[PDB]
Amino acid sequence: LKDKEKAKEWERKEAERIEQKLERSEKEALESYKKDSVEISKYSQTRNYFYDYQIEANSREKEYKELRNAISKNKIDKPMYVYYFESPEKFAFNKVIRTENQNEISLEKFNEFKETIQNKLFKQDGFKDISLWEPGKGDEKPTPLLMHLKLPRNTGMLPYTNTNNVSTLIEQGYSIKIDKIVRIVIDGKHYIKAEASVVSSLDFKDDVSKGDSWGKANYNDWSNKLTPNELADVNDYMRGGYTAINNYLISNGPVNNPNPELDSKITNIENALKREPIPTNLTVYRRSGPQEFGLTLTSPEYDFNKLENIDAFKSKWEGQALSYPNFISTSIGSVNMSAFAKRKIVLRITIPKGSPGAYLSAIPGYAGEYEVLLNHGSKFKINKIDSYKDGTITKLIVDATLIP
């Protein structure tokens, strides 16, 4: 736990042991990592949001895949705790816990951080260097926030040597919940120690073929579980009826201009989506237009190239609920597509096991790929908003959870 001498000796011994296992290509990727860790780790966070050809061609993509593979071949046989420092902004606490010159963290700030991270899951992605022991009076402590994360059995972990130093690499690909926070003292300064655990979610990211295999496996027989009316209304919807149905819902037609024929279709589609609930925690992706967030294509606020507009968007939406009156299309894949080339908001949604939903792309012939349809009137809790550059265009990733 705080046993530095033990963990470093073990870590070094393990590094030198694993080094004999690695493929030449993996050793090559590791050599590159030692030289360019910041940019490779950043790449590993957002690589999957670009086009397939951008992914393929990227100067860091082969390095990513090799490092990914190497990490996976050293799986832990029991659960293990790891330590790493984190920015409070990572958990949507968009301010300092204390300045780096200050020693103390006020009770108010401690409690405010607690309230911010409560009852939320946060998606974690990309390579990370971690420590096996609690950083002490002699280590690099770049932030007032120290994560103490329990990694589950069979998590990949790669100890490696870098000059005279030893580090351990993981690839994050899960959500975390912060179960407890405690104010600790290290070398005369207060830190927040956050006790965290992993919650898993099936997340294909750019691997649309595996996602499709899963979707069809789970929804090939979905049509056969529907009544004649349900199947006919789902068909109508997928064949182009979605426009009239969703416009009616968005404009609150059921109240202001009731159409009982449409009401019936909506009821049938909802029952169809409740017929075979999402069988596991699943991550889906939606490329959202401005109107879904109360903006238009010509809103000055939609220009996320200006930092002011990101801060304004976060202030409005982060930690808040978002509800769609219409049925919501999403994809199992995170890749950009020509149809949504310039859309600036990526909704990254965790669907809890048992939620209404269906993999529509399992229906034969249907011209539409990798699609998961969610129920009308769905509510989404926004945990965290991130930004990234897509060429010259700043885009946003909205980490949300589908809630009751």
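One rule holds for the numbers: they count along the sequence shown, beginning at 1.
task = Output the stretch having the higher mean C-alpha B factor in the entry; the candidates are 97-105 and 119-127.
result = According to the PDB entry, the answer is 97-105.
request  = Check the entry's C-alpha temperature factors for 323-331 and 223-231, then say which stretch has the higher mean.
outcome  = In the deposited entry, the stretch with the higher C-alpha B-factor mean is 223-231.
request  = Choose from 137, 265, 286, 205 the residue with the greatest Cα B-factor as stated in the PDB record.
outcome  = Spelled out: the listed residue with the top C-alpha B-factor is 137.
ask   = From 175, 280, 246, 164, which pick has the Cα B-factor that tops the rest in the entry?
value = Highest C-alpha B-factor among the listed residues goes to 164.
request  = Looking at the entry's B-factor column for C-alpha atoms only, identify whether residue 88 ranks in the lowest, middle or highest third of its chain.
outcome  = Lowest third - that is where residue 88 ends up once the chain's C-alpha B-factors are sorted.
request  = Determine, from the deposited record, the chain-internal third of the Cα B-factor for residue 37: lowest, middle or highest.
outcome  = Middle third - that is where residue 37 ends up once the chain's C-alpha B-factors are sorted.
message = Could you place residue 57 in the lowest, middle or highest third of its chain by Cα temperature factor, using the values in the record?
response = Highest third - that is where residue 57 ends up once the chain's C-alpha B-factors are sorted.
ask   = Compared with the other modelled residues in the chain, in which third is the CA B-factor of residue 403?
value = Ranked within chain, residue 403 CA B lands in the middle tercile.
request  = Divide the modelled residues of the chain into thirds by Cα B-factor and specify which third, lowest, middle or highest, holds residue 148.
outcome  = Within its chain, residue 148 is a lowest-third residue by C-alpha B-factor, going by the deposited values.
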